[PDB]
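*Asks:* Residue numbers (PDB author numbering): -11 to 119.
Note that beta-carbon positions come from the ideal geometry of N, C-alpha and C, so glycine has one too.
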């Protein structure tokens, strides 16, 4: 059986010492979301790029604004269904000349490089790169 999602879950159940040490600054306080029932799980909303929104909608995502955990959740389901992981190195994703490679700006990346994924994902929720 494959193990990609066991690695991807550690991004979402991650943070702390897994955060970046160069480039972007430490992310600001936010959320202020409800907790009136145990079903609550929500955090700060973001505006992901139209190129990423297409990928989220390829796995049936409903909204126009998203949480960082919602974007990662759906993106992990896309990588999972597309089988973009190496069959040997289950913790490494490969995608060139296709939508997920066009998003990440690299032919491949390690899922264990949580710090690098966090800064790349923070760039996807920034302004457009049409040029």
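Please check the pair residue 73 and residue 44, which I expect to be a contact at CB under 8 Å, by giving their CB distance rounded to whole angstroms.
*Replies:* Within the chain shown, numbered from 1, the residue matching residue 73 stands at position 85. Within the chain shown, numbered from 1, the residue matching residue 44 stands at position 56. With a Cβ gap of about 19 Å, residue 73 and residue 44 do not count as contacting.
*Asks:* Three-state secondary structure (DSSP) at residue 46?
*Replies:* Counted from its first residue, the chain shown places residue 46 at position 58. Helix, per DSSP.
*Asks:* Thinking just about the alpha-carbon of each residue, which of 114, 119, 112, 108 is nearest to the one in residue 10?
*Replies:* Stepping through the chain shown from its first residue, residue 10 is reached at position 22. Ranking the options by Cα distance to residue 10, first place goes to 108.
*Asks:* With a CB to CB cut of under 7 Å and the five nearest residues on each side skipped, what residues in its chain are close to residue 68?
*Replies:* Along the chain shown, read from residue 1 onward, the residue named residue 68 stands at position 80. Closer than 7 Å at Cβ, skipping near neighbours: -8, -7.
*Asks:* Assign residue 23 to one of three DSSP states: helix, strand, or coil.
*Replies:* By one-based count along the chain shown, residue 23 stands at place 35. Coil, per DSSP.
*Asks:* With DSSP as the reference, label residue 32 as helix, strand or coil.
*Replies:* As a position in the chain shown, residue 32 is number 44, starting the count at 1. Coil, per DSSP.
*Asks:* Shortest alpha-carbon distance to residue 20 belongs to which of 32, 27, 26, 28?
*Replies:* Reading the chain shown from its first residue, position 32 is the one you call residue 20. Closest option to residue 20, Cα to Cα, is 32.
*Asks:* Out of curiosity, what's the CA-to-CA distance linking residue 83 and residue 90?
*Replies:* For this step, residue 83 is matched to residue 95 along the chain shown. For this step, residue 90 is matched to residue 102 along the chain shown. The alpha-carbon atoms of residue 83 and residue 90 are separated by roughly 8 Å.
*Asks:* By DSSP, does residue 125 sit in helix, in strand, or in coil?
*Replies:* Because the chain spans -11 through 119 in this model, residue 125 falls outside it and cannot be assessed.
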